[PDB]
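So this one's work_13.cif, mmCIF, C-alpha atoms:
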data_start
loop_
_atom_site.label_atom_id
_atom_site.label_comp_id
_atom_site.auth_asym_id
_atom_site.auth_seq_id
_atom_site.Cartn_x
_atom_site.Cartn_y
_atom_site.Cartn_z
CA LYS Q 75 84.86 -103.41 16.62
CA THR Q 76 84.20 -104.49 13.03
CA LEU Q 77 81.51 -103.13 10.71
CA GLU Q 78 79.83 -106.54 10.52
CA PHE Q 79 79.48 -106.61 14.32
CA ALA Q 80 77.93 -103.15 14.19
CA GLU Q 81 75.53 -104.58 11.61
CA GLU Q 82 74.63 -107.43 13.98
CA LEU Q 83 74.07 -104.86 16.76
CA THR Q 84 71.81 -102.87 14.41
CA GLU Q 85 69.66 -105.88 13.48
CA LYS Q 86 69.34 -106.92 17.11
CA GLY Q 87 68.53 -103.35 18.14
CA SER Q 88 65.72 -103.31 15.57
CA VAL Q 89 64.35 -106.57 16.96
CA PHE Q 90 64.55 -105.27 20.54
CA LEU Q 91 62.75 -102.10 19.50
CA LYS Q 92 59.92 -104.03 17.86
CA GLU Q 93 59.58 -106.13 21.04
CA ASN Q 94 59.29 -102.97 23.24
CA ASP Q 95 62.68 -103.74 24.89
CA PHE Q 96 63.62 -100.07 24.72
CA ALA Q 97 66.62 -100.17 27.07
CA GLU Q 98 68.37 -102.97 25.19
CA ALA Q 99 67.47 -101.40 21.82
CA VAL Q 100 69.13 -98.14 22.87
CA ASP Q 101 72.19 -100.08 24.07
CA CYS Q 102 72.56 -101.92 20.75
CA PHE Q 103 72.11 -98.79 18.64
CA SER Q 104 74.54 -96.87 20.87
CA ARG Q 105 77.23 -99.48 20.30
CA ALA Q 106 76.60 -99.70 16.54
CA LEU Q 107 76.89 -95.91 16.28
CA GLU Q 108 80.16 -95.82 18.22
CA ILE Q 109 81.70 -98.46 15.94
CA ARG Q 110 80.53 -96.61 12.81
CA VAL Q 111 81.90 -93.27 14.08
CA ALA Q 112 85.25 -94.86 14.94
CA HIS Q 113 85.46 -96.23 11.39
CA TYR Q 114 84.10 -93.28 9.36
CA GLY Q 115 84.22 -90.17 11.54
CA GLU Q 116 81.81 -88.36 13.83
CA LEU Q 117 80.21 -86.23 11.08
CA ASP Q 118 80.53 -88.54 8.08
CA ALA Q 119 77.64 -89.38 5.73
CA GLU Q 120 78.19 -93.10 6.41
CA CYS Q 121 77.00 -92.54 10.01
CA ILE Q 122 73.66 -90.84 9.22
CA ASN Q 123 71.58 -94.00 9.50
CA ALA Q 124 73.22 -95.05 12.75
CA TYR Q 125 72.57 -91.65 14.29
CA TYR Q 126 68.96 -91.78 13.11
CA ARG Q 127 68.28 -95.28 14.48
CA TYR Q 128 69.82 -94.27 17.79
CA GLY Q 129 67.77 -91.09 17.96
CA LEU Q 130 64.61 -93.02 17.14
CA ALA Q 131 65.28 -95.61 19.84
CA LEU Q 132 65.98 -92.89 22.37
CA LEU Q 133 62.72 -91.15 21.47
CA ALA Q 134 60.86 -94.45 21.88
CA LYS Q 135 62.51 -95.03 25.26
CA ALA Q 136 61.73 -91.53 26.53
CA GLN Q 137 58.13 -91.94 25.49
CA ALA Q 138 57.71 -95.27 27.21
CA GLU Q 139 59.41 -94.29 30.48
CA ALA Q 140 57.40 -91.09 31.01
CA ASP Q 141 54.33 -91.05 33.23
CA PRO Q 142 51.82 -88.34 32.19
CA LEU Q 143 50.91 -87.77 35.84
CA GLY Q 144 54.54 -86.98 36.70
CA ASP Q 209 65.61 -88.06 35.26
CA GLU Q 210 66.06 -90.83 32.68
CA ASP Q 211 63.13 -89.45 30.63
CA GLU Q 212 64.41 -85.89 30.12
CA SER Q 213 67.97 -87.13 29.61
CA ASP Q 214 66.82 -89.57 26.93
CA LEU Q 215 64.82 -86.81 25.22
CA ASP Q 216 67.83 -84.48 25.21
CA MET Q 217 70.02 -87.24 23.79
CA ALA Q 218 67.41 -88.09 21.14
CA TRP Q 219 67.45 -84.45 20.14
CA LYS Q 220 71.25 -84.49 19.94
CA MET Q 221 71.50 -87.65 17.82
CA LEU Q 222 68.73 -86.72 15.40
CA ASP Q 223 70.13 -83.20 15.08
CA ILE Q 224 73.56 -84.60 14.21
CA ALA Q 225 71.90 -86.85 11.61
CA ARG Q 226 70.25 -83.70 10.25
CA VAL Q 227 73.43 -81.61 10.19
CA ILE Q 228 75.34 -84.35 8.36
CA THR Q 229 72.46 -84.72 5.90
CA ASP Q 230 72.67 -80.96 5.31
CA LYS Q 231 76.06 -81.42 3.61
CA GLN Q 232 74.57 -83.60 0.86
CA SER Q 233 73.56 -82.06 -2.47
CA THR Q 234 70.16 -83.75 -2.88
CA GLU Q 235 67.54 -83.70 -0.15
CA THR Q 236 65.84 -87.05 0.40
CA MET Q 237 62.95 -88.59 2.28
CA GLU Q 238 65.38 -89.55 5.05
CA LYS Q 239 65.85 -85.81 5.71
CA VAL Q 240 62.06 -85.33 5.75
CA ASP Q 241 61.81 -88.18 8.25
CA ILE Q 242 64.64 -86.90 10.43
CA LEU Q 243 62.90 -83.50 10.53
CA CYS Q 244 59.61 -85.15 11.52
CA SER Q 245 61.36 -87.11 14.28
CA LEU Q 246 62.93 -83.87 15.51
CA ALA Q 247 59.48 -82.27 15.50
CA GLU Q 248 58.19 -85.09 17.69
CA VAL Q 249 61.11 -84.70 20.14
CA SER Q 250 60.28 -80.99 20.33
CA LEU Q 251 56.63 -81.79 21.05
CA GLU Q 252 57.66 -84.08 23.90
CA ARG Q 253 59.85 -81.24 25.22
CA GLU Q 254 56.77 -78.94 24.92
CA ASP Q 255 58.60 -76.73 22.38
CA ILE Q 256 55.93 -75.96 19.77
CA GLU Q 257 58.02 -73.39 17.86
CA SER Q 258 60.82 -75.82 17.05
CA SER Q 259 58.37 -78.52 16.02
CA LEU Q 260 56.67 -76.00 13.75
CA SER Q 261 59.95 -75.13 12.00
CA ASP Q 262 60.85 -78.81 11.65
CA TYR Q 263 57.50 -79.65 10.05
CA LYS Q 264 57.58 -76.65 7.71
CA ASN Q 265 61.08 -77.64 6.55
CA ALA Q 266 59.97 -81.24 6.02
CA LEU Q 267 56.93 -80.09 4.03
CA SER Q 268 58.98 -77.84 1.77
CA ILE Q 269 61.24 -80.82 0.95
CA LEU Q 270 58.21 -83.07 0.37
CA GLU Q 271 56.75 -80.62 -2.11
CA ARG Q 272 59.83 -81.31 -4.28
CA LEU Q 273 59.97 -85.08 -3.72
CA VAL Q 274 56.36 -86.26 -4.23
CA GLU Q 275 53.17 -85.51 -6.21
CA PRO Q 276 51.14 -82.42 -5.18
CA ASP Q 277 48.24 -84.60 -3.92
CA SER Q 278 50.44 -87.00 -1.93
CA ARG Q 279 48.97 -88.22 1.34
CA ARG Q 280 52.25 -87.45 3.12
CA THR Q 281 52.02 -83.81 2.01
CA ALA Q 282 48.43 -83.67 3.31
CA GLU Q 283 49.57 -85.23 6.60
CA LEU Q 284 52.36 -82.69 7.12
CA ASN Q 285 49.97 -79.82 6.38
CA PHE Q 286 47.66 -81.19 9.04
CA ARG Q 287 50.41 -81.67 11.62
CA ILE Q 288 51.46 -78.06 11.04
CA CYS Q 289 47.92 -76.84 11.58
CA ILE Q 290 47.51 -78.76 14.84
CA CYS Q 291 50.89 -77.50 16.13
CA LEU Q 292 49.67 -73.98 15.38
CA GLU Q 293 46.32 -74.65 17.06
CA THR Q 294 47.91 -75.99 20.22
CA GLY Q 295 50.20 -72.92 20.11
CA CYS Q 296 47.25 -70.49 20.16
CA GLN Q 297 47.53 -69.53 16.47
CA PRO Q 298 44.29 -70.86 14.93
CA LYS Q 299 44.17 -68.12 12.28
CA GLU Q 300 47.54 -69.34 11.02
CA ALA Q 301 46.51 -73.00 11.30
CA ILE Q 302 43.54 -72.38 8.96
CA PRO Q 303 45.38 -72.39 5.56
CA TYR Q 304 47.33 -75.54 6.49
CA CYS Q 305 44.10 -77.39 7.37
CA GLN Q 306 42.49 -76.09 4.17
CA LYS Q 307 45.46 -77.36 2.16
CA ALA Q 308 45.24 -80.83 3.73
CA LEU Q 309 41.50 -80.93 2.92
CA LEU Q 310 41.99 -79.78 -0.68
CA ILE Q 311 44.75 -82.37 -1.14
CA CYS Q 312 42.41 -85.16 0.01
CA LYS Q 313 39.66 -84.01 -2.36
CA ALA Q 314 42.08 -83.61 -5.29
CA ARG Q 315 43.40 -87.12 -4.74
CA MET Q 316 39.77 -88.32 -4.64
CA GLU Q 317 39.01 -86.69 -7.99
CA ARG Q 318 42.23 -88.04 -9.53
CA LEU Q 319 41.47 -91.61 -8.48
CA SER Q 320 37.89 -91.13 -9.70
CA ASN Q 321 39.13 -90.07 -13.13
CA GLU Q 322 41.61 -92.97 -13.24
CA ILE Q 323 38.78 -95.44 -12.61
CA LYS Q 324 36.99 -93.81 -15.57
CA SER Q 354 42.85 -102.35 -8.26
CA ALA Q 355 39.81 -100.47 -9.44
CA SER Q 356 38.37 -101.80 -6.19
CA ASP Q 357 41.51 -100.57 -4.36
CA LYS Q 358 41.13 -97.08 -5.83
CA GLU Q 359 37.45 -96.93 -4.90
CA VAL Q 360 38.23 -98.04 -1.34
CA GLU Q 361 40.80 -95.23 -1.17
CA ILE Q 362 38.25 -92.73 -2.51
CA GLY Q 363 35.96 -93.62 0.39
CA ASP Q 364 38.85 -93.44 2.85
CA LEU Q 365 39.74 -89.97 1.59
CA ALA Q 366 36.13 -88.80 1.75
CA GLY Q 367 35.97 -89.73 5.42
CA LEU Q 368 39.29 -87.98 6.06
CA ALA Q 369 38.04 -84.89 4.20
CA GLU Q 370 34.97 -84.71 6.45
CA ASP Q 371 37.15 -84.96 9.58
CA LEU Q 372 39.35 -82.16 8.18
CA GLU Q 373 36.29 -80.03 7.44
CA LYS Q 374 35.18 -80.40 11.07
CA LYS Q 375 38.68 -79.42 12.22
CA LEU Q 376 38.53 -76.40 9.90
CA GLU Q 377 35.18 -75.32 11.38
CA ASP Q 378 36.67 -75.51 14.88
CA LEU Q 379 39.72 -73.53 13.76
CA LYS Q 380 37.62 -70.75 12.22
CA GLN Q 381 35.61 -70.58 15.45
CA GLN Q 382 38.79 -70.38 17.55
CA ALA Q 383 40.12 -67.59 15.32
CA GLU Q 384 36.93 -65.65 16.09
CA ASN Q 385 37.56 -65.71 19.86
CA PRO Q 386 37.72 -62.11 21.19
CA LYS Q 387 41.36 -62.29 22.30
CA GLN Q 388 42.34 -63.94 19.00
CA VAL Q 389 40.52 -61.48 16.73
CA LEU Q 390 40.54 -58.10 18.55
CA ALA Q 391 43.93 -56.98 17.20
CA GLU Q 392 42.68 -57.43 13.64
CA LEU Q 393 39.36 -55.77 14.51
CA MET Q 394 41.35 -52.87 15.99
CA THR M 118 49.25 -81.20 24.40
CA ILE M 119 47.68 -82.60 21.21
CA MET M 120 44.31 -84.37 21.32
CA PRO M 121 44.54 -88.13 20.61
CA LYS M 122 41.84 -87.81 17.94
CA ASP M 123 44.15 -85.42 16.07
CA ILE M 124 47.09 -87.84 16.32
CA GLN M 125 44.84 -90.60 14.97
CA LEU M 126 43.61 -88.39 12.13
CA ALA M 127 47.20 -87.52 11.18
CA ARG M 128 48.08 -91.22 11.00
CA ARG M 129 44.92 -91.98 8.99
CA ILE M 130 45.73 -89.15 6.55
CA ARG M 131 49.19 -90.60 6.08
CA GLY M 132 47.58 -94.04 5.82
#

Taking this structure as input, can you express it in the form of structure tokens?
Amino acid sequence: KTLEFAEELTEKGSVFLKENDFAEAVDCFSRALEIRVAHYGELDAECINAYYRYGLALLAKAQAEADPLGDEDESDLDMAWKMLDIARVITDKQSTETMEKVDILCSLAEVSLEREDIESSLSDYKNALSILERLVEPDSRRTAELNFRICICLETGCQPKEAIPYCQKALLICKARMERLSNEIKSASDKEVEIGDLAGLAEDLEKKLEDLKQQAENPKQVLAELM
Amino acid sequence: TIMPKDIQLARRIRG
């Protein structure tokens, strides 16, 4: 019932989650959240973390208990959505947007992908990216990553034309970060290793961009514009 | 569905 006991439940839930004991992790995080809500209120800022942890554990559980070939799984997904969305709504009442909000939005996007809801995941990622563009440097790897996740959501959703500028942005971010590290060299070993890493990533992104431009030329994709 | 190569590339981009 005390806050310290909720803290013990949270630490043990984290351990259970690392050890792939998803059921017990969800039980611990559920109990910690209930204690925190009873102390601070259902929609209080002090509960954000506990909602987030619980949502994350539920997502993990739903992913591990699904069989791709073919319910606890759908119920856990719906509850993960609920808990992460409450974390988001509470976060929305704070003046400054933080990386925790970015992360909550990315976790919500992943829930939506598991529910096969590409539109929601798209909105979640776009929101997260617009926050990230205020929080971190223009050539941040996290910004490149979110651009890429947007473009693959759009590709899987039959919108390759729209995916193209997001993939291009991810590629340009990788090359800009390359050139910036190159100028800084002008830890040196660490920067040069990262330059090579980014060059490989850029080539993978350039291949993805070629495939996207080809998909956007498919007759059904392009006829409306041609007409 | 999203290809596993694309998931891996997203994680590599993030690092």

Excluding same-chain residues fewer than 5 positions from region 367-375 of chain Q, what lies within 8 Å of it counting only C-alpha atoms, as a PyMOL selection string?
(chain Q and resi 305-306+308-309+312-313) or (chain M and resi 126+129-130)

Save out the residues we just selected, C-alpha atoms, as a PDB file, in the coordinates of the input.
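Below is the file selection.pdb, written as the result:
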ATOM      1  CA  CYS Q 305      44.100 -77.390   7.370  1.00  0.00           C
ATOM      2  CA  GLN Q 306      42.490 -76.090   4.170  1.00  0.00           C
ATOM      3  CA  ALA Q 308      45.240 -80.830   3.730  1.00  0.00           C
ATOM      4  CA  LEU Q 309      41.500 -80.930   2.920  1.00  0.00           C
ATOM      5  CA  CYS Q 312      42.410 -85.160   0.010  1.00  0.00           C
ATOM      6  CA  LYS Q 313      39.660 -84.010  -2.360  1.00  0.00           C
TER       7      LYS Q 313
ATOM      8  CA  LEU M 126      43.610 -88.390  12.130  1.00  0.00           C
ATOM      9  CA  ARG M 129      44.920 -91.980   8.990  1.00  0.00           C
ATOM     10  CA  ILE M 130      45.730 -89.150   6.550  1.00  0.00           C
TER      11      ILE M 130
END

Define the interface residues of chain Q facing chain M as those within 6 Å, counting all atoms listed in the file, and report them as a PyMOL selection string.
chain Q and resi 279-280+283

CA of residue 126 (chain Q) to CA of residue 287 (chain Q), straight-line distance in Å:
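Result for CA of residue 287 (chain Q) versus CA of residue 126 (chain Q): 21.2 Å, one decimal.
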
Nearby residues (all atoms listed in the file) at most 10 Å from residue 218 (chain Q), same-chain spacing under 2 positions excluded, as a PyMOL selection string
chain Q and resi 125-136+212-216+220-224+245-246+249

Counting all atoms listed in the file, which of Q:278, Q:284, Q:78, Q:294 gets nearest to residue 255 (chain Q)?
Q:294

Contacts of residue 296 (chain Q) within 10 Å, all atoms listed in the file, excl. fewer than 6 positions in-chain, as an MDAnalysis selection string:
chainID Q and resid 290 382:383 388

Any chance you could work out the axis-aligned box around region 313-359 of chain Q, listed atoms only, 5 Å on each side, giving centre and edge lengths in Å to one decimal, as JSON?
{"center_x": 40.2, "center_y": -93.0, "center_z": -9.0, "size_x": 16.4, "size_y": 28.7, "size_z": 23.2}

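One distance worth recording is that between CA of residue 281 (chain Q) and CA of residue 259 (chain Q), which is 16.3 Å.
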
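Relative to CA of residue 303 (chain Q), CA of residue 268 (chain Q) is found at 15.1 Å.
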
For a quick check of your reading of the model, name the residues lying within 10 Å of the coordinate (52.2, -73.8, 7.6), counting all atoms listed in the file, and write them as a PDB file with C-alpha atoms, in the frame of the given file.
ATOM      1  CA  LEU Q 260      56.670 -76.000  13.750  1.00  0.00           C
ATOM      2  CA  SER Q 261      59.950 -75.130  12.000  1.00  0.00           C
ATOM      3  CA  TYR Q 263      57.500 -79.650  10.050  1.00  0.00           C
ATOM      4  CA  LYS Q 264      57.580 -76.650   7.710  1.00  0.00           C
ATOM      5  CA  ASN Q 265      61.080 -77.640   6.550  1.00  0.00           C
ATOM      6  CA  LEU Q 267      56.930 -80.090   4.030  1.00  0.00           C
ATOM      7  CA  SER Q 268      58.980 -77.840   1.770  1.00  0.00           C
ATOM      8  CA  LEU Q 284      52.360 -82.690   7.120  1.00  0.00           C
ATOM      9  CA  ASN Q 285      49.970 -79.820   6.380  1.00  0.00           C
ATOM     10  CA  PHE Q 286      47.660 -81.190   9.040  1.00  0.00           C
ATOM     11  CA  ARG Q 287      50.410 -81.670  11.620  1.00  0.00           C
ATOM     12  CA  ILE Q 288      51.460 -78.060  11.040  1.00  0.00           C
ATOM     13  CA  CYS Q 289      47.920 -76.840  11.580  1.00  0.00           C
ATOM     14  CA  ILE Q 290      47.510 -78.760  14.840  1.00  0.00           C
ATOM     15  CA  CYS Q 291      50.890 -77.500  16.130  1.00  0.00           C
ATOM     16  CA  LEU Q 292      49.670 -73.980  15.380  1.00  0.00           C
ATOM     17  CA  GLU Q 300      47.540 -69.340  11.020  1.00  0.00           C
ATOM     18  CA  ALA Q 301      46.510 -73.000  11.300  1.00  0.00           C
ATOM     19  CA  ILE Q 302      43.540 -72.380   8.960  1.00  0.00           C
ATOM     20  CA  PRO Q 303      45.380 -72.390   5.560  1.00  0.00           C
ATOM     21  CA  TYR Q 304      47.330 -75.540   6.490  1.00  0.00           C
ATOM     22  CA  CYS Q 305      44.100 -77.390   7.370  1.00  0.00           C
ATOM     23  CA  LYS Q 307      45.460 -77.360   2.160  1.00  0.00           C
TER      24      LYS Q 307
END

Mind telling me what the PyMOL selection byres ((chain Q and resi 84) around 12) catches here, as a VMD selection string?
chain Q and resid 77 to 83 85 to 91 98 to 110 123 to 128 131

Give me a file of those residues, with C-alpha atoms, as a PDB file, in the frame of the given file.
ATOM      1  CA  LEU Q  77      81.510-103.130  10.710  1.00  0.00           C
ATOM      2  CA  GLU Q  78      79.830-106.540  10.520  1.00  0.00           C
ATOM      3  CA  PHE Q  79      79.480-106.610  14.320  1.00  0.00           C
ATOM      4  CA  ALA Q  80      77.930-103.150  14.190  1.00  0.00           C
ATOM      5  CA  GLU Q  81      75.530-104.580  11.610  1.00  0.00           C
ATOM      6  CA  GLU Q  82      74.630-107.430  13.980  1.00  0.00           C
ATOM      7  CA  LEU Q  83      74.070-104.860  16.760  1.00  0.00           C
ATOM      8  CA  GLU Q  85      69.660-105.880  13.480  1.00  0.00           C
ATOM      9  CA  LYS Q  86      69.340-106.920  17.110  1.00  0.00           C
ATOM     10  CA  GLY Q  87      68.530-103.350  18.140  1.00  0.00           C
ATOM     11  CA  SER Q  88      65.720-103.310  15.570  1.00  0.00           C
ATOM     12  CA  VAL Q  89      64.350-106.570  16.960  1.00  0.00           C
ATOM     13  CA  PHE Q  90      64.550-105.270  20.540  1.00  0.00           C
ATOM     14  CA  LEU Q  91      62.750-102.100  19.500  1.00  0.00           C
ATOM     15  CA  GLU Q  98      68.370-102.970  25.190  1.00  0.00           C
ATOM     16  CA  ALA Q  99      67.470-101.400  21.820  1.00  0.00           C
ATOM     17  CA  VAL Q 100      69.130 -98.140  22.870  1.00  0.00           C
ATOM     18  CA  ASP Q 101      72.190-100.080  24.070  1.00  0.00           C
ATOM     19  CA  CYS Q 102      72.560-101.920  20.750  1.00  0.00           C
ATOM     20  CA  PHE Q 103      72.110 -98.790  18.640  1.00  0.00           C
ATOM     21  CA  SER Q 104      74.540 -96.870  20.870  1.00  0.00           C
ATOM     22  CA  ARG Q 105      77.230 -99.480  20.300  1.00  0.00           C
ATOM     23  CA  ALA Q 106      76.600 -99.700  16.540  1.00  0.00           C
ATOM     24  CA  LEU Q 107      76.890 -95.910  16.280  1.00  0.00           C
ATOM     25  CA  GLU Q 108      80.160 -95.820  18.220  1.00  0.00           C
ATOM     26  CA  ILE Q 109      81.700 -98.460  15.940  1.00  0.00           C
ATOM     27  CA  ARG Q 110      80.530 -96.610  12.810  1.00  0.00           C
ATOM     28  CA  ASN Q 123      71.580 -94.000   9.500  1.00  0.00           C
ATOM     29  CA  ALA Q 124      73.220 -95.050  12.750  1.00  0.00           C
ATOM     30  CA  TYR Q 125      72.570 -91.650  14.290  1.00  0.00           C
ATOM     31  CA  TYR Q 126      68.960 -91.780  13.110  1.00  0.00           C
ATOM     32  CA  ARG Q 127      68.280 -95.280  14.480  1.00  0.00           C
ATOM     33  CA  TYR Q 128      69.820 -94.270  17.790  1.00  0.00           C
ATOM     34  CA  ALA Q 131      65.280 -95.610  19.840  1.00  0.00           C
TER      35      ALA Q 131
END

Could you give me, as a compact mmCIF listing (two decimals) with C-alpha atoms, in the frame of the given file, the residues within 10 Å of region 273-276 of chain Q, counting only C-alpha atoms and dropping anything in the same chain fewer than 6 positions from it?
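For reference, out_39.txt as written:
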# COMPACT_ATOMS: atom_id res chain seq x y z
CA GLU Q 235 67.54 -83.70 -0.15
CA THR Q 236 65.84 -87.05 0.40
CA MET Q 237 62.95 -88.59 2.28
CA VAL Q 240 62.06 -85.33 5.75
CA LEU Q 267 56.93 -80.09 4.03
CA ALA Q 282 48.43 -83.67 3.31
CA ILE Q 311 44.75 -82.37 -1.14
CA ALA Q 314 42.08 -83.61 -5.29
CA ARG Q 315 43.40 -87.12 -4.74
